[PDB]
(Lines of atoms letter the chains of each structure in order from A and count residues from 1; the text may use other names and numbers.)
(Lines give C-alpha, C1' and ligand atoms only; values in the text may rest on other atoms or scores of the structure.)
Protein backbone atom coordinates (compact mmCIF):
# COMPACT_ATOMS: atom_id res chain seq x y z
CA UNK A 1 0.00 0.00 0.00
CA UNK A 2 1.76 3.20 -1.32
CA UNK A 3 1.03 6.36 0.72
CA UNK A 4 -1.55 8.84 -0.60
CA UNK A 5 -0.11 11.92 -2.46
CA UNK A 6 -0.88 15.63 -1.64
CA UNK A 7 -2.01 15.77 -5.37
CA UNK A 8 -4.62 12.95 -4.82
CA UNK A 9 -6.03 14.67 -1.63
CA UNK A 10 -6.13 18.03 -3.57
CA UNK A 11 -8.07 16.28 -6.42
CA UNK A 12 -10.84 15.50 -3.79
CA UNK A 13 -10.78 18.70 -1.65
CA UNK A 14 -11.50 20.87 -4.75
CA UNK A 15 -14.98 19.32 -5.19
CA UNK A 16 -17.69 21.58 -3.69
CA UNK A 17 -20.89 19.62 -4.57
CA UNK A 18 -23.00 22.72 -5.49
CA UNK A 19 -26.67 22.33 -4.28
CA UNK A 20 -26.25 18.64 -3.24
CA UNK A 21 -27.30 17.96 0.40
CA UNK A 22 -25.44 14.68 1.28
CA UNK A 23 -27.45 14.31 4.56
CA UNK A 24 -30.85 14.13 2.76
CA UNK A 25 -32.83 10.87 2.15
CA UNK A 26 -33.62 12.16 -1.40
CA UNK A 27 -29.87 12.57 -2.15
CA UNK A 28 -28.95 11.27 -5.64
CA UNK A 29 -25.44 9.80 -6.22
CA UNK A 30 -26.19 9.30 -9.98
CA UNK A 31 -26.93 13.11 -10.52
CA UNK A 32 -23.70 13.71 -8.45
CA UNK A 33 -21.56 11.32 -10.61
CA UNK A 34 -22.62 13.10 -13.88
CA UNK A 35 -22.43 16.69 -12.47
CA UNK A 36 -18.62 16.46 -13.22
CA UNK A 37 -16.34 14.23 -15.38
CA UNK A 38 -14.27 13.26 -12.24
CA UNK A 39 -17.04 11.01 -10.83
CA UNK A 40 -14.53 9.25 -8.44
CA UNK A 41 -13.21 12.51 -6.80
CA UNK A 42 -16.89 13.55 -6.24
CA UNK A 43 -17.70 10.16 -4.53
CA UNK A 44 -14.59 10.59 -2.28
CA UNK A 45 -15.73 14.15 -1.39
CA UNK A 46 -19.30 13.00 -0.51
CA UNK A 47 -17.70 10.38 1.85
CA UNK A 48 -15.25 13.00 3.32
CA UNK A 49 -18.07 15.55 3.83
CA UNK A 50 -20.41 12.94 5.47
CA UNK A 51 -17.63 11.82 7.91
CA UNK A 52 -16.60 15.40 8.97
CA UNK A 53 -20.22 16.74 9.25
CA UNK A 54 -21.01 13.85 11.68
CA UNK A 55 -18.34 15.48 13.94
CA UNK A 56 -17.16 11.92 14.86
CA UNK A 57 -13.63 11.69 13.31
CA UNK A 58 -12.55 14.79 15.37
CA UNK A 59 -13.89 13.32 18.68
CA UNK A 60 -11.72 10.14 18.08
CA UNK A 61 -8.41 11.91 17.24
CA UNK A 62 -8.69 11.24 13.48
CA UNK A 63 -7.14 14.20 11.56
CA UNK A 64 -8.84 15.44 8.33
CA UNK A 65 -5.68 14.19 6.51
CA UNK A 66 -5.75 10.57 7.92
CA UNK A 67 -9.55 10.48 7.14
CA UNK A 68 -8.97 11.42 3.47
CA UNK A 69 -5.99 8.98 3.13
CA UNK A 70 -8.30 6.18 4.43
CA UNK A 71 -11.10 7.10 1.94
CA UNK A 72 -8.55 7.04 -0.97
CA UNK A 73 -6.84 3.80 0.18
CA UNK A 74 -10.40 2.27 0.16
CA UNK A 75 -11.25 3.77 -3.33
CA UNK A 76 -8.05 2.27 -4.92
CA UNK A 77 -9.14 -1.27 -3.91
CA UNK A 78 -12.61 -1.11 -5.62
CA UNK A 79 -12.99 -2.29 -9.22
CA UNK A 80 -14.73 -1.27 -12.46
CA UNK A 81 -17.76 -3.67 -12.10
CA UNK A 82 -21.40 -2.57 -12.71
CA UNK A 83 -22.60 -2.54 -9.00
CA UNK A 84 -20.05 -3.57 -6.31
CA UNK A 85 -17.83 -0.56 -7.14
CA UNK A 86 -16.89 2.55 -5.03
CA UNK A 87 -20.26 4.30 -5.80
CA UNK A 88 -22.10 1.37 -4.07
CA UNK A 89 -20.10 1.69 -0.77
CA UNK A 90 -20.35 5.56 -0.84
CA UNK A 91 -24.14 5.00 -1.30
CA UNK A 92 -24.15 2.59 1.75
CA UNK A 93 -22.16 5.20 3.78
CA UNK A 94 -24.62 8.03 2.84
CA UNK A 95 -27.70 5.81 3.44
CA UNK A 96 -26.32 4.74 6.89
CA UNK A 97 -25.79 8.47 7.75
CA UNK A 98 -29.55 9.06 7.02
CA UNK A 99 -30.64 5.97 9.10
CA UNK A 100 -28.47 7.19 12.04
CA UNK A 101 -29.26 10.98 11.86
CA UNK A 102 -32.68 11.27 10.05
CA UNK A 103 -33.95 7.89 11.46
CA UNK A 104 -32.57 8.67 14.99
CA UNK A 105 -30.81 5.23 15.15
CA UNK A 106 -27.79 7.22 16.60
CA UNK A 107 -29.80 7.17 19.92
CA UNK A 108 -29.28 3.34 20.09
CA UNK A 109 -25.42 3.49 19.74
CA UNK A 110 -22.30 5.24 21.16
CA UNK A 111 -20.55 7.91 19.06
CA UNK A 112 -17.71 5.34 18.51
CA UNK A 113 -20.27 2.80 17.10
CA UNK A 114 -21.71 5.59 14.82
CA UNK A 115 -18.10 6.36 13.71
CA UNK A 116 -17.27 2.65 13.13
CA UNK A 117 -20.51 2.12 11.05
CA UNK A 118 -19.83 5.10 8.69
CA UNK A 119 -16.19 3.82 8.25
CA UNK A 120 -17.30 0.14 7.84
CA UNK A 121 -19.66 1.21 4.98
CA UNK A 122 -16.56 2.12 2.90
CA UNK A 123 -14.59 -1.20 3.50
CA UNK A 124 -17.60 -3.66 3.34
CA UNK A 125 -17.09 -4.79 -0.36
CA UNK A 126 -13.28 -4.12 -0.90
CA UNK A 127 -11.85 -5.77 -4.08
CA UNK A 128 -15.26 -7.21 -5.16
CA UNK A 129 -14.87 -8.81 -8.63
CA UNK A 130 -18.62 -8.89 -9.55
CA UNK A 131 -18.96 -12.62 -8.61
CA UNK A 132 -20.94 -13.94 -5.57
CA UNK A 133 -19.72 -16.55 -2.99
CA UNK A 134 -21.50 -19.39 -4.88
CA UNK A 135 -19.40 -18.74 -8.04
CA UNK A 136 -16.04 -19.30 -6.21
CA UNK A 137 -17.28 -22.57 -4.60
CA UNK A 138 -19.04 -24.07 -7.72
CA UNK A 139 -15.93 -23.44 -9.86
CA UNK A 140 -13.51 -24.82 -7.21
CA UNK A 141 -11.51 -21.57 -7.56
CA UNK A 142 -8.45 -20.92 -5.30
CA UNK A 143 -10.33 -18.48 -2.98
CA UNK A 144 -13.20 -21.04 -2.82
CA UNK A 145 -10.85 -23.91 -1.85
CA UNK A 146 -9.20 -21.76 0.86
CA UNK A 147 -12.62 -20.82 2.31
CA UNK A 148 -13.79 -24.45 2.23
CA UNK A 149 -10.46 -25.72 3.66
CA UNK A 150 -10.46 -23.17 6.53
CA UNK A 151 -14.17 -23.71 7.39
CA UNK A 152 -15.62 -20.27 6.47
CA UNK A 153 -18.27 -20.22 3.68
CA UNK A 154 -18.25 -16.36 3.52
CA UNK A 155 -15.56 -16.19 0.77
CA UNK A 156 -15.89 -12.50 -0.18
CA UNK A 157 -16.71 -11.09 3.31
CA UNK A 158 -13.51 -12.60 4.87
CA UNK A 159 -11.55 -11.20 1.82
CA UNK A 160 -13.06 -7.68 2.47
CA UNK A 161 -12.06 -7.85 6.20
CA UNK A 162 -8.50 -8.91 5.23
CA UNK A 163 -8.08 -5.78 3.05
CA UNK A 164 -9.69 -3.59 5.74
CA UNK A 165 -7.10 -4.53 8.42
CA UNK A 166 -4.30 -4.05 5.81
CA UNK A 167 -5.32 -0.39 5.23
CA UNK A 168 -5.69 0.34 9.00
CA UNK A 169 -2.27 -1.24 9.84
CA UNK A 170 -0.59 1.92 8.41
CA UNK A 171 -0.95 4.90 10.85
CA UNK A 172 -1.35 7.40 7.91
CA UNK A 173 -4.72 5.75 6.98
CA UNK A 174 -5.78 4.29 10.38
CA UNK A 175 -8.96 6.28 11.28
CA UNK A 176 -8.73 4.29 14.62
CA UNK A 177 -5.10 5.33 15.53
CA UNK A 178 -6.66 7.75 18.11
CA UNK A 179 -8.14 4.69 19.94
CA UNK A 180 -6.38 2.40 22.47
CA UNK A 181 -7.25 -0.63 24.65
CA UNK A 182 -10.94 -1.65 24.81
CA UNK A 183 -12.08 1.08 22.32
CA UNK A 184 -9.58 0.09 19.55
CA UNK A 185 -10.54 -3.60 20.09
CA UNK A 186 -14.29 -2.72 19.91
CA UNK A 187 -13.73 -0.69 16.69
CA UNK A 188 -12.00 -3.63 14.89
CA UNK A 189 -14.26 -6.41 16.29
CA UNK A 190 -17.48 -4.43 15.36
CA UNK A 191 -16.21 -3.44 11.87
CA UNK A 192 -15.38 -7.14 11.21
CA UNK A 193 -18.64 -8.56 12.74
CA UNK A 194 -20.70 -6.08 10.55
CA UNK A 195 -18.88 -7.00 7.25
CA UNK A 196 -19.24 -10.77 8.02
CA UNK A 197 -22.99 -10.13 8.70
CA UNK A 198 -23.47 -8.73 5.08
CA UNK A 199 -23.32 -12.34 3.69
CA UNK A 200 -26.99 -12.85 2.62
CA UNK A 201 -26.65 -16.59 3.50
CA UNK A 202 -26.92 -15.37 7.18
CA UNK A 203 -29.83 -12.91 6.41
CA UNK A 204 -32.57 -14.96 8.19
CA UNK A 205 -30.53 -15.76 11.34
CA UNK A 206 -29.12 -12.15 11.73
CA UNK A 207 -32.68 -10.68 11.38
CA UNK A 208 -34.16 -13.21 13.93
CA UNK A 209 -31.27 -12.61 16.44
CA UNK A 210 -31.73 -8.79 16.29
CA UNK A 211 -35.58 -9.14 16.68
CA UNK A 212 -35.30 -11.59 19.68
CA UNK A 213 -32.79 -9.17 21.35
CA UNK A 214 -34.93 -5.99 20.72
CA UNK A 215 -38.00 -7.85 22.17
CA UNK A 216 -35.96 -8.81 25.36
CA UNK A 217 -35.65 -5.93 27.92
CA UNK A 218 -32.99 -8.17 29.64
CA UNK A 219 -30.85 -8.67 26.46
CA UNK A 220 -27.14 -8.19 27.10
CA UNK A 221 -26.62 -4.47 26.19
CA UNK A 222 -23.19 -4.96 24.43
CA UNK A 223 -24.77 -7.78 22.31
CA UNK A 224 -27.80 -5.53 21.43
CA UNK A 225 -25.45 -2.71 20.31
CA UNK A 226 -23.48 -5.21 18.15
CA UNK A 227 -26.61 -6.63 16.49
CA UNK A 228 -27.92 -3.04 15.94
CA UNK A 229 -24.63 -2.23 14.06
CA UNK A 230 -24.91 -5.45 11.98
CA UNK A 231 -28.60 -4.74 11.18
CA UNK A 232 -27.82 -1.12 10.13
CA UNK A 233 -24.99 -2.18 7.77
CA UNK A 234 -27.31 -4.89 6.34
CA UNK A 235 -30.11 -2.24 6.03
CA UNK A 236 -27.83 0.09 3.99
CA UNK A 237 -26.62 -2.86 1.87
CA UNK A 238 -30.25 -3.65 0.72
CA UNK A 239 -31.45 0.06 0.79
CA UNK A 240 -31.71 0.47 -3.04
CA UNK A 241 -35.55 -0.11 -2.94
CA UNK A 242 -35.96 2.62 -0.15
CA UNK A 243 -34.78 5.40 -2.57
CA UNK A 244 -36.89 7.56 -4.93
CA UNK A 245 -38.14 5.28 -7.78
CA UNK A 246 -35.70 6.50 -10.54
CA UNK A 247 -32.65 6.08 -8.20
CA UNK A 248 -33.95 2.59 -7.15
CA UNK A 249 -34.40 1.70 -10.88
CA UNK A 250 -30.84 2.71 -11.89
CA UNK A 251 -29.47 0.58 -8.95
CA UNK A 252 -31.66 -2.40 -10.12
CA UNK A 253 -30.19 -1.93 -13.68
CA UNK A 254 -26.59 -1.97 -12.37
CA UNK A 255 -27.13 -5.11 -10.22
CA UNK A 256 -28.96 -7.01 -12.99
CA UNK A 257 -26.06 -6.41 -15.40
CA UNK A 258 -23.50 -7.62 -12.82
CA UNK A 259 -25.59 -10.81 -12.29
CA UNK A 260 -25.86 -11.26 -16.10
CA UNK A 261 -22.01 -11.15 -16.50
CA UNK A 262 -21.55 -13.75 -13.69
CA UNK A 263 -23.97 -16.06 -15.65
CA UNK A 264 -21.97 -15.36 -18.91
CA UNK A 265 -18.77 -16.70 -17.19
CA UNK A 266 -20.66 -19.54 -15.46
CA UNK A 267 -21.75 -20.45 -19.02
CA UNK A 268 -18.22 -20.45 -20.51
CA UNK A 269 -17.04 -22.44 -17.46
CA UNK A 270 -19.82 -25.04 -17.74
CA UNK A 271 -21.31 -24.52 -14.26
CA UNK A 272 -24.96 -24.27 -13.05
CA UNK A 273 -26.50 -20.85 -14.14
CA UNK A 274 -29.58 -19.70 -12.07
CA UNK A 275 -32.51 -17.95 -13.90
CA UNK A 276 -31.54 -14.65 -12.13
CA UNK A 277 -28.04 -14.65 -13.87
CA UNK A 278 -29.27 -15.73 -17.38
CA UNK A 279 -29.58 -12.95 -20.05
CA UNK A 280 -31.45 -15.56 -22.19
CA UNK A 281 -34.34 -15.73 -19.66
CA UNK A 282 -34.75 -11.92 -20.29
CA UNK A 283 -36.91 -11.47 -17.14
CA UNK A 284 -38.77 -8.16 -16.49
CA UNK A 285 -37.07 -5.75 -14.00
CA UNK A 286 -40.63 -5.01 -12.69
CA UNK A 287 -41.23 -8.67 -11.64
CA UNK A 288 -37.63 -8.86 -10.23
CA UNK A 289 -37.96 -5.74 -8.01
CA UNK A 290 -41.51 -6.78 -6.88
CA UNK A 291 -39.96 -10.19 -5.99
CA UNK A 292 -37.07 -8.65 -4.00
CA UNK A 293 -39.58 -6.29 -2.29
CA UNK A 294 -41.99 -9.13 -1.31
CA UNK A 295 -39.47 -11.84 -0.19
CA UNK A 296 -36.48 -9.76 1.20
CA UNK A 297 -36.73 -5.92 1.62
CA UNK A 298 -40.35 -5.22 2.78
CA UNK A 299 -40.45 -7.85 5.59
CA UNK A 300 -36.90 -6.81 6.69
CA UNK A 301 -37.56 -3.04 6.96
CA UNK A 302 -41.11 -3.52 8.39
CA UNK A 303 -39.87 -5.89 11.17
CA UNK A 304 -36.89 -3.71 12.34
CA UNK A 305 -39.01 -0.49 12.29
CA UNK A 306 -41.83 -2.27 14.24
CA UNK A 307 -39.40 -3.95 16.67
CA UNK A 308 -37.20 -0.97 17.43
CA UNK A 309 -36.18 1.53 14.69
CA UNK A 310 -39.43 3.57 14.57
CA UNK A 311 -37.64 6.62 13.08
CA UNK A 312 -36.93 4.63 9.87
CA UNK A 313 -40.71 4.35 8.92
CA UNK A 314 -39.97 6.29 5.65
CA UNK A 315 -38.05 3.23 4.27
CA UNK A 316 -41.28 1.15 4.59
CA UNK A 317 -43.35 4.01 2.95
CA UNK A 318 -40.89 4.30 -0.02
CA UNK A 319 -40.78 0.47 -0.53
CA UNK A 320 -44.64 0.44 -0.48
CA UNK A 321 -44.76 3.26 -3.13
CA UNK A 322 -41.90 1.71 -5.25
CA UNK A 323 -43.89 -1.59 -5.41
CA UNK A 324 -47.06 0.39 -6.48
CA UNK A 325 -45.09 2.04 -9.31
CA UNK A 326 -43.70 -1.38 -10.57
CA UNK A 327 -47.29 -2.78 -10.40
CA UNK A 328 -48.30 0.17 -12.73
CA UNK A 329 -45.44 -0.69 -15.19
CA UNK A 330 -47.06 -4.20 -15.28
CA UNK A 331 -50.68 -2.92 -15.39
CA UNK A 332 -49.90 -0.69 -18.50
CA UNK A 333 -47.65 -3.20 -20.43
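Positions refer to the first chain, counted from 1. Whichever C-alpha set is largest while still superposing within 1.5 Å between the two forms counts as the rigid core.
Engineer: Between 277-285 and 27-35, report the one with more C-alpha displacement in 9 other deposited structures of this protein relative to this form after a rigid core superposition.
Structural biologist: Between 277-285 and 27-35, greater C-alpha deviation in 9 other deposited structures of this protein belongs to 277-285.
Engineer: Would you tell me which stretch averages the higher CA B-factor in the PDB entry, 80-88 or 219-227?
Structural biologist: Averaged over C-alpha atoms, the B-factors run higher in 80-88.
Engineer: Report the stretch with the higher mean CA temperature factor, choosing between 250-258 and 98-106 on the basis of the entry.
Structural biologist: Higher mean C-alpha B-factor in the PDB entry: 250-258.
Engineer: When you compare the CA B-factors of 177, 170, 237, 208 as listed in the entry, which one comes out on top?
Structural biologist: Comparing C-alpha B-factors across 177, 170, 237, 208, the top value belongs to 170.
Engineer: Would you please rank residue 129 by its C-alpha temperature factor against the other modelled residues of its chain and give the third it falls in: lowest, middle or highest?
Structural biologist: Highest third of the chain for residue 129's C-alpha B-factor.
Engineer: Among the chain's modelled residues, which third holds the C-alpha B-factor of residue 9?
Structural biologist: Highest third.
Engineer: Tell me, lowest, middle or highest third: where does the Cα B factor of residue 303 rank within its chain?
Structural biologist: Tercile = lowest for this residue's CA B-factor.
Engineer: State the tercile, meaning the lowest, middle or highest third, of residue 139 with respect to the CA B-factors recorded for its chain.
Structural biologist: It belongs to the middle third of the chain when residues are ordered by C-alpha B-factor.
Engineer: Ranking the modelled residues of this chain by C-alpha B-factor as given in the entry, is residue 19 in the lowest, middle or highest third?
Structural biologist: Top third by C-alpha B-factor.
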